[PDB]
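A.B. asks: Return atomic coordinates for the entry below.
(one chain, ligands or ions: 2)
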Amino acid sequence: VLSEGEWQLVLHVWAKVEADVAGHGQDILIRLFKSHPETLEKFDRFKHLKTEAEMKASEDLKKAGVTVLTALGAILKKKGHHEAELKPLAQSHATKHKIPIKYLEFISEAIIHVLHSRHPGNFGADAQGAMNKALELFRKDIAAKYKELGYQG
Ligand code: HEM
Ligand SMILES: C[C@H](Cc1ccccc1)N=O
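C.D. replies: Numbers count the residues shown, from 1 in each chain. Ligands and ions are numbered 1, 2, ... in the order given. This is the structure:
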């Protein structure tokens, strides 16, 4: 369970993300696809992209970046009260997309890396710890849902 102070460190960096969610989402998905290229194979729309330049030019990847971060943002804003948001996400990621928990760890790492690079003003050690704790909570709850849904993750 996060404290309110922890949640406020999360939401104060999120506020900066939201100056330009598309740009943040592009950087985060590119980081994921560069650090763990195997993750690209989950995407019919993107498994063909060969280079960071191709990724940066992809309007579909930019839209995806907006989607992921907006959905995550809505979860974070619930401050742990996110059962309703996690239901459809778990179901789609478990059953249709087949996203293992390891890959949710990889995108969490990508988010942290990008925020640390972009936002040293709002992503010092305390703030990074709070974001890691929010992301770990998210992954714990999603994994519990995966199990309920019949997917080992
Ligand atoms: C913070 C974690 C994540 C959030 C909040 C998130 C959110 C979403 C949302 C809102 C959609 C669209 C609706 C849906 O299909 O449920 C979606 C689609 C998808 N997500 Fe995620 N996602 C997350 C992580 C991941 C990861 C790590 C992967 C793969 C490595 C992944 C793969 C996909 C795929 C394959 C689709 C469908 C793509 C398509 O229609 O072209 N997601 N995600
Ligand atoms: C990471 C993945 C990105 C995505 C979301 C929506 C459409 C395509 C790709 N999940 O949000």
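A.B. asks: and the longest helix seen in the chain, what does it pack onto?
C.D. replies: When the chain is parsed with DSSP state H, its longest helix is helix 125-149. The contact analysis (3 or more CB pairs under 8 Å, 6 or more residues apart in numbering; DSSP states H and E) places helix 125-149 against helix 4-17, helix 59-77, helix 83-91, helix 101-118. Heads up, the C-betas are built off the backbone N, CA and C, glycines and all.
A.B. asks: and the residue of the chain found nearest ligand 1, how many neighbours?
C.D. replies: Nearest residue of the chain to ligand 1 (CB to the nearest ligand atom) works out as residue 92 at 3.4 Å. If you count neighbours by other CB atoms under 10 Å, residue 92 ends up with 11.
A.B. asks: Over to residue 140?
C.D. replies: Residue 140 has 10 neighbouring residues, counting by other CB under 10 Å.
A.B. asks: same question, residue 109
C.D. replies: Residue 109 has 16 neighbours, counted by other CB under 10 Å.
A.B. asks: again, but for residue 122
C.D. replies: 15.
A.B. asks: Could I get the contacting residues of it?
C.D. replies: By CB atoms under 8 Å, 6 or more residues apart in numbering, residue 122 lies in contact with 12-13, 15-16.
A.B. asks: returning to that earlier point: same list (the helices and strands packed on helix 125-149) but as TSV, adding distance to residue 135.
C.D. replies: TSV is the format used below for these (distance: least, CB to CB, whole Å):
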stretch	distance to residue 135
helix 4-17	9
helix 59-77	9
helix 83-91	13
helix 101-118	4
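A.B. asks: Of all the ones you listed, which one is nearest ligand 2?
C.D. replies: It is, among the helices and strands packed on helix 125-149 and with distance given as CB to the nearest ligand atom, helix 59-77, at 3.3 Å.
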